[PDB]
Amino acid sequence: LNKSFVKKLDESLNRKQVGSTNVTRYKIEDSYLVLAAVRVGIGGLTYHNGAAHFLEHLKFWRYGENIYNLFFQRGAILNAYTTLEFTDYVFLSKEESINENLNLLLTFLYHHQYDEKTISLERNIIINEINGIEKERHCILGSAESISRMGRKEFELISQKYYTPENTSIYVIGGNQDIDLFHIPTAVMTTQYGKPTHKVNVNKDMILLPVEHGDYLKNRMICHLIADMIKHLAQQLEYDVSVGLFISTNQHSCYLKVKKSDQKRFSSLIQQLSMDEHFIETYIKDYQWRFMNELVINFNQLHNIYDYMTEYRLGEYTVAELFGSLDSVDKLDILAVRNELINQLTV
């Protein structure tokens, strides 16, 4: 029953090395489209000047060609976005075109030369974006002054250090064809630089509260659980505290984001969690049922499957290990994190 469903998903989920990169594959029979995503380990936090987002705009150019226009003429829509720690390039297409579209994309991503006119043109575009969530957007975009302090030598050096197969994760969802090096020879287009070490520049009116008590997957379970508990308690009591999440693939810990003005109210709710002895145990059971229901529903949409691969590293971990981590969450884990949240708020 439930065991056969988890086994059903895991037999279609695999991850293997292709060249010098890694490809996470989830095959779907009779799917109408196939989602391909290329995720490079560099985002708004890698450089606090908007450098990763700037590189994202430059990566669309190679020898005067624009890959968005090339994809568009092939009937495919290429979408790119920069987050705090990654830059994603995602597109949908029929499976027959996946191999050629993917190799064409990697051809642009592993190109490391950008002339001065392209750099200045994209800077003017990005300045218009800056002059045109909000803090995170402006942190990723950077400022007009910050991106004006970077030139060709910076962008080309950053490209060679970060835009490599070793610093790239590929996700292909849908269809039934496997991804191999013969069809994507760009997966060995390496530079002299290996995968860069995960350096995180996290930078005054908010606080960041860590959720770290267990393994990588366990921290996601507890972070979502406590955030949902606090929001529920803040509704009955009509607290007006916003609770943001910082859950990144390269972070072992998860984090709660709350306004420094709303700290007293959030602190009262955290201390209020352990009042009702049965509230934590019943909410964990409801979350475990809701988590499984959403996963079954979400595993029909291609982008939702991708979100599980990025947040829970599905592919490196099996679906069985995902539900095993979910089922291992007890009220003692919630109380242990509750104590560390109180100690963090206390000082």
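Start at 1 with the first residue shown and count on from there.
Where coordinates are absent for parts of the deposited sequence, a chain break appears; between neighbours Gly132 and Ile133 it spans 10 or more residues. The gap between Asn203 and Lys204 holds 4 to 9 unmodelled residues of the deposited sequence. Legend: mean Cα B-factor per stretch from the PDB entry, 236 to 244 versus 161 to 169; the higher mean is in 236 to 244. Of the two segments examined, 65 to 73 and 25 to 33, it is 25 to 33 that shows the higher average Cα temperature factor in the deposited entry. Of the candidates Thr190, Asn124, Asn79, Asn219, the one whose C-alpha carries the top B factor in the deposited record is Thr190. Note on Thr310, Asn293, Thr318, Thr282: the highest value goes to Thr282, judged by CA B factor as recorded. Split the chain's modelled residues into thirds by C-alpha temperature factor. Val38 is in the lowest one. Per-chain ranking of the deposited C-alpha B factor places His112 in the lowest third. Looking at the C-alpha B-factors along this chain, the one for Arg137 belongs to the highest third. The entry lists a Cα temperature factor for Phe299 that places it in the middle third of the chain's modelled residues.
When the modelled residues of the chain are ordered by C-alpha B-factor, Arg152 sits in the middle third.
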